[PDB]
Structures are given as structure tokens and as C-alpha cells.
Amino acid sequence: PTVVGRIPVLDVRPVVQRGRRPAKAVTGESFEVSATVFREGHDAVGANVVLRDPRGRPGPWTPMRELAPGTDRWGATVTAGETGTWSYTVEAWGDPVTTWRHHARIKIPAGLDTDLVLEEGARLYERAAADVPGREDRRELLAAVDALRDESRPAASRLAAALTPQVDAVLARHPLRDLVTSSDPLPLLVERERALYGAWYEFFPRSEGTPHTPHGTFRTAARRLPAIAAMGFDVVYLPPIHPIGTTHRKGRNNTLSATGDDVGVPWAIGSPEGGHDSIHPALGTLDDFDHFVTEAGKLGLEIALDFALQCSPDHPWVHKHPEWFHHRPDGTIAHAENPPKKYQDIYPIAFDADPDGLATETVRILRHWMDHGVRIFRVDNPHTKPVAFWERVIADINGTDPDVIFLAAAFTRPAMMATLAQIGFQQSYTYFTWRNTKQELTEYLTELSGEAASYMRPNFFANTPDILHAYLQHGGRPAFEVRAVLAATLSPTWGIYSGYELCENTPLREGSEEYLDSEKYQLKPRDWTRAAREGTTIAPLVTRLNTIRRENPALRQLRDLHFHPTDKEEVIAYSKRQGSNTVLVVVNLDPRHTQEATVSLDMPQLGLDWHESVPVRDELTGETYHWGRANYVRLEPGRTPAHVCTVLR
């Protein structure tokens, strides 16, 4: 056998790890399948995509087009359906009809071999008709055959009878394909909508207590859910909900010594009260948790638990499974680190003494929470545990429960971030919070919305308990407004950590990205009712952003994204599309000064001609404009962070 087929079809994309890992999609998501297709000689080729479902049933006829002249790169859009493992194949073929037409169009006017040329056409169309399954379609082609063969008519009219729009349509639907040649199948993993699309809210249940019981329970913390659902969130992300160690417990503002009242850090998991399969006694019981999950469910909220594979020194594993830790010559275990950050309250896990035991126990723990309605896990710092460990774990869990979603909380180098997504992580944290200028946003989002989108789904948290960017520190509320608009409109998954709404932006010190009085080390009661009454929250903006997302399919996908040029460095503009839904966003990235600019839209990229005018509505205001080629905007911090417009149709 030869590697190359009769009609070359090469380098089909997307491809992940040379075919050894699947490319990704979710139900209802469209993406481009592409290939290098060409043939020997000068005759024309055609190509098409055969997308097969998990039962092997092929999708509809999906012809490809050359993506740019002279490149031999061909593409077509496919749309994933039900969940499971799909496959895709590209078929390439000689297109004798396009070839014959091109030649006939020159030769008939120039009078060269006209009887021969026209009889050659007749024979192609006759072969075409043979394969057409409709009687009416077949009859149409055979009529053009007879007109092509009618030697009593002028050559120009015998030919014209074979170039009618009615024939065009039969051939476009059932074309004559020579020497059909197939690529080898490539795997596609299709997963549920929520893997790609959702709004996430993170908060600490323990902070939502009462005057008589400051440490919240699952029962008190459930009272906070209606407001989360009202802001249009879909996922609630909870930091670890397990007992918390006492040895080397950290105090307020990340101090080394806890006082007797100090609650400690939820990530310092485990005590004699229990480990990763237990509930912190001050949060209540497994039944209180079930209640919380149930109440979340009634409001359209799914729970994501933090899974942090690490231990306080009081975690049962320390004595029950010493081999799951790296011990130094004196028998002690070095606390975990992530330089320059030190984690004196925890031990990292070692994986090379008992990998089988760790995997078995990890999936046991996850299956336990899954039995209690948790179908999403936020995996803390997966880049400090082996890549293959996660590949094995995720494959074990998804093999019985493919709906489970894992989110990689890994802020690290690009190779590891990409690899984690490729080996199974449904979602990934990103460099979003460190992309704030227009150049940075434009470059980074072009990367995420391009080839990386075949294996990585990004979750744009505008802030996290560990990240209060200098942009929010110096920018105040107007910067909070900008970052929410950006996050919500540039990724189909975004989220915030409680307090973002209130523009909490006091750092631990200058040049730090830590919050002062960080919630990680203390109860942080917040007077939500007061903030709402006093209007010192951007909950309404957040609420509006999520409503717009729910009403505009373009914002529930990632790959279709285009940046339009403006004449001010502080003003960025982009559009996103999905069927007939087009959303156009203009943001002022200066949180401190009013900016005016001309936004010059790439009109063909919106499906419009250069001269056209198009009505839009700013969904932030209800205000309507008529925009085209070149549009004046004026964006005032405080009053207007951005325009978020839908194209009216």
C-alpha cells in the first residue's frame, strides 16, 4: 500500500497529538474541518466531510471549498450533535464536471472541436444522472444531455442548456465524483453544552452565617443561592468543604500562627474529623449538603467542588498512607510550595510509590461527590501532580460518567496548560486576568479562538481569591465593569469570585495580587442587602451581561470572533456570530478617562457590503443606533464601560 491515495487528502485538522487524543466539541457547536486536497495535472478537485456519530451514522452532505486561492487548503463547517465519541473523515475527488465546464466555456466561443467537446459533456452528465436517486432530478440531467447532443442547434445554445441554475442545483446536491479517496478517521469527543458555555460564581459558604452563628452552614449558605441565580449564574464553585487541619494552621492575612478563633484555609484539607470524603463539622452534615445541592438545582445552579489533592498534616492519609508523601531523611514532610508562594499548612502528595492506590482513592472520592449530585470539579493546581495521573483519572470517571466536567486551575507555562486540556480537562483557567491592554486581549483571544479551541475551553474568571489585578486596584468600579464585559463577551464561560460585585479592590500591599483580609484565612461576612440598597454593587451589570448571553447564541460559543480596527489604543472592538445572530462589542479599556474613537468595521466579516448601514441595539441601555463602515463612539467611565450591541434583523 501507499501512504498517499489516488487523490491526495493530507493534514486533516483539527488534530490533537497526531490523532492519539480527540479534538473537542459540545452539542450544537460548529467548527471547521480542513484538509490539504489537490491532484496531479490541472483538472479540478472537490472534497467533502463525513462526520460520523457514535453509532457510525454519517451526517449530511457537507462539501468543502478552497479557503484561499492557490493554497490547496480546503474547509467546511460541521456541527456536533449528541454527546459521545464521533469521527470525521475527509473525502477528496476529481471533479470532472467543473473541469469540463471550464474548458467548454473557452472552446465553444473560439469554435475549437465543438462536437467533440459537447459529446464529452453529454457523457459526464449521463454518468451524473446514473447516480442521482430522484426521478425529477434525473430527468433534468437527461434533458441537458439530449440538448447537448442535438447537432441541429448552435454550439452556444447546446452548451447553455448544460449550465442552467436547475442543473447547477442537481450537481451541487449530487455531484459526479471521480476516484474518491478518503483520509483515515479522526476522533472527535462531543460533550455537554456546559463544558463550553456557562457563567460561574465562586463563594465560601462559611462566610454566609448569622449574628448568633458567624460560621455559615450549608443551611444558611443556601439562602445566598437565590441572589446568585438572579444574577444569571449557572454554576456555583465552592472552595473545599472538608474539615480543615489544626497543625500549622494559618491565621489572618496569611500569617503562620492561627489564634484560637481563626478558621484556617479550606485548602488545608483533613483532620481526625475526616478527609476529602467528609464535611467540615461547622458546615453541617452530608444531609445539609444534599439540601444545598437540591436548592441549588431548583434555581438552575449546578455545584462545582474544589478538588485539591493535598493534605493538612492532620489528614488521616498522613499515618494511613505514608507512601503517598515524600519524606526527608529525618522522616518529615516538606510543606508544599509554588514559588515564591509557600504553603506551610499543607503537604504535597508524592505519586511514584503507590500510583494505583492514589488513583483508586481519587476516583472513589470523586464518585462519592458525584453520588451527591456534584457533576463538576475544579481541580486545584493540577500541574503539580503528574499529567498521566490526570489522564487516567479523567478517563476512568468519564468512562462511566461522561457528563462530569473537570476544570484545570493551572496558571503555569503554556506547554503544560495545553497538555492538560489535551489529556482530558474539559475546561481550563487562562491568562485572562493578565491580559488588559488591547494588544494583549487581541493577541491572546486570537490564540484561544483559533487552533487551541480544538482541545481547550477557557473559563474567564475576572478575579479569583488569589488574583486581584492591578487594573482593578487602580481602576476602581469602572475597571470592574470593563473586565466583566470583556470576560462575559469574549468567552462562553466566565465567572467571578464573590466580592467582585462590590468592587473589593484593596490589595494586601502595593504590587501584590492578594486581597487584604483575604477570605481564604477568615470569615468575610458581607452585607449584601445594604450594598444592593446603596447601589454600590455591579450585580445589575452582571445580571444584564448574563441575560444578553442567554439571549444571543453568538455569545454561547468561542471560535467565531473577529477584531475590528479603531483609531484609539484604549478602545477595542469585536464581533461574534452564530447563524443569524451577530453581536458587536466596543469597550473602553481606560477606566479613568473618557475616550472617543472611530470604529472602522470589517463589513464582509459581518456578511455585509462596505456601503451598507445596519441597525444595532446596545443591550446595556435599550438605545438604538445605525452603524456602518465607520462609526463614532464616546465612552465615559462610570456611565458607559462599553457598547454591547446586537445586529437588528
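The first residue of the shown sequence is 1; numbering continues from there.
Visitor: For the stretches 82-90 and 294-302, which has the higher mean C-alpha B-factor as given in the deposited record?
Guide: It is 294-302.
Visitor: For the C-alpha atoms alone, is the average B factor greater in 250-258 or in 131-139, going by the entry?
Guide: If you average the C-alpha B-factors of 131-139 and of 250-258, the larger mean comes out for 131-139.
Visitor: Please work out which residue in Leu67, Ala35, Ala44, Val614 has the highest C-alpha B-factor recorded for this crystal structure.
Guide: Among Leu67, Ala35, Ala44, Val614, the highest C-alpha B-factor in the entry belongs to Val614.
Visitor: Highest CA temperature factor in the entry: which of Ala308, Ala172, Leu558, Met416?
Guide: Spelled out: the listed residue with the top C-alpha B-factor is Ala172.
Visitor: Quick check on the deposited entry: does the C-alpha B-factor of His469 sit in the lowest, middle or highest third of its chain?
Guide: Middle third - that is where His469 ends up once the chain's C-alpha B-factors are sorted.
Visitor: Among the chain's modelled residues, which third holds the C-alpha B-factor of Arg592?
Guide: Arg592: CA B-factor falls in the highest third of its chain.
Visitor: Going by what the PDB entry lists, where does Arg57 fall on CA B-factor within its chain: lowest, middle or highest third?
Guide: Middle third - that is where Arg57 ends up once the chain's C-alpha B-factors are sorted.
Visitor: Place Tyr237 in the lowest, middle or highest third of its chain's C-alpha B-factors, as listed in the PDB entry.
Guide: Ranked within chain, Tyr237 CA B lands in the lowest tercile.
Visitor: Can you tell me whether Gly28 has a C-alpha B-factor in the lowest, middle or highest third compared with the other modelled residues of the same chain?
Guide: Its C-alpha B-factor belongs to the middle third of this chain's values.
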